[PDB]
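Next up: just one chain, as structure tokens, the form deposited in one PDB entry.
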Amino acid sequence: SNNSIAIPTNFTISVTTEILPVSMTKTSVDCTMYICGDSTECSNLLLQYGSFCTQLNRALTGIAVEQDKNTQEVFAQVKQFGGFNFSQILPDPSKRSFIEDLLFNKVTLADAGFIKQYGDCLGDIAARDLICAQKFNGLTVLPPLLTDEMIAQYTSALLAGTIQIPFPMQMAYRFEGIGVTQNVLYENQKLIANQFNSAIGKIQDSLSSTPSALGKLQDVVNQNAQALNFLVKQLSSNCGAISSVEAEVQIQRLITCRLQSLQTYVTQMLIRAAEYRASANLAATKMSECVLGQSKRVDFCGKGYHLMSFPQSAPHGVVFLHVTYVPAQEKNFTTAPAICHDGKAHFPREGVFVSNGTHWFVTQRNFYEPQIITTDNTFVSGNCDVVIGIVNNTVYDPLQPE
């Protein structure tokens, strides 16, 4: 390249969906009910066989506090409009938005077995946990430390990036962080608002009817529900629970088979907990530097240069709406360092001289906003003969009186 510069001309602001699971449901096995459920001889059953229940329940308590730590690391980073729409993404007073309830209604149908049955038999009363574990073979689902109300409140707190600076000035400052001046936003605000609103309309159409983006959240919750239902299936159809109905060998083969099924459940839940921890670490990284700050990385928060992001609280997950800036229609323009006029060399004050073929303009380096060459845009230093790649043009003085 001798004298040529590649400059973008058009731009598209686009939103993208990033769904990351951050929490697994809590399971706890109540001892002295899993073993000797209805044998009514719970001394000799809990002596030889009852010491292996607490070993598994310790691991379930460990993965439960690990998932609570995951939700605390993701959703609790902080403690506490214009031409854009923002009506479907903000809370509308049960303190949830219109993307949040679509996510909740689509993801809560991924479970249809043990968890929904426990929620139905709970009766919205937390004092019946001794009763609800009696009829479901001793398996209990603990509620999380951070409830749905607190997660929704923390999401509403983290949605303070839409703030005492007004929102168009914030978008202008984020464009200035990208590398384009504020005149591009303030002169193309209607097109940007239309693209953002149409992108929210497309995200609502593509999140609800088709699965589309909900293929990495529905399947992991479905895997968790199937792993819990297979425990009840292999606890009821074969190796059944102790009911009212020499024979120590039979009760030994019933109490050893039901323990091994639980050990299978813990062993294949620990790997799922590791995968959820990796996803939660990715979510904490994507909320530390895409939310609560513009990111300098490329193609990490979203496709193109990252501009903004909004968090949303999905059940057992987090939904990031990434707002990004995609350049398009690159053009090759002819560059020149300085311009000679009246025997005086003029250098650009802030920008690059460009030529589109016939006329000469002063533009920014990262965008094609043509400005006519005046004396308020160039400064004078040196003579004509010293600059190597000089070009002939006329600088237009704004003072042209009668």
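Residues carry their position along the shown sequence, with the first being 1. Just so we're on the same page, rigid core means the largest C-alpha set that superposes within 1.5 Å between forms.
This protein has a second form, the form deposited in another entry, left out of what is shown; the following refers to that one.
Asks: Which of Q263, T147, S87, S288 has its C-alpha displaced by 2 Å or more between this form and the one not shown after core superposition?
Replies: Per the superposition, the moving residue is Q263.
Asks: Once the two forms are fit on the core, has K233 moved its CA by at least 2 Å between this form and the one not shown?
Replies: Comparing forms between this form and the one not shown, the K233 CA shifts at least 2 Å.
Asks: Quick one: core overlaid, is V184 moving 2 Å or more at the Cα between this form and the one not shown?
Replies: Moves: no, less than 2 Å.
Asks: Is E369 one of the residues whose Cα moves 2 Å or more between this form and the one not shown, with the core superposed?
Replies: Yes; that C-alpha moves by at least 2 Å between this form and the one not shown.
Asks: Would you mind telling me if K303 and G351 are closer or farther apart in the other form than in the shown form, C-alpha to C-alpha, with a 3 Å or larger change?
Replies: Relative to the shown form, the pair is closer.
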